[PDB]
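In this text, residue positions in the sequence shown follow the deposited numbering: the first is 1, and each later residue adds one.
These notes are about the structure you will find just below.
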Amino acid sequence: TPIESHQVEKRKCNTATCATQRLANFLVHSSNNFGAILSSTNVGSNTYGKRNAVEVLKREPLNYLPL
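As structure tokens, this is what we get:
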């Protein structure tokens with residue numbers, strides 16, 4: 001009589017979603033440069049600092065208070 005097949009497959013990462021995952025690796029892949037990058041923050045390229053997020057929140061506490 002016949003017997004169930006033993007076919008096996010995998011779920012390789014071949015989708016766009018996986019692409020985002022590589023972005024996370026970029027932070028660690030460029031973590032060393034990040035240090036030297038913040039050093040020249042006074043080069044007029046500090047208009048994208050992450051801390052800006054915590055600042056704007058302070059300037060606009062309305063969003064924090066009940067709405």
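No residue lacks a Cβ here, since even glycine has one placed at the ideal position from N, Cα and C.
For the alpha helix (DSSP H) holding residue 59, just list the boundary residues, first then last. 51-59
In whole angstroms, what is the alpha-carbon distance linking residue 32 and residue 23? 16 Å
Find out if the Cβ-Cβ distance for the pair residue 68, residue 48 is shorter than 8 Å. With the chain running from 1 to 67 in the structure shown, residue 68 is simply not present.
N-terminal and C-terminal residue of the alpha helix (DSSP H) that residue 21 is part of: 16-29
Note down the Cα distance separating residue 39 from residue 16, rounded to an integer number of angstroms. 34 Å
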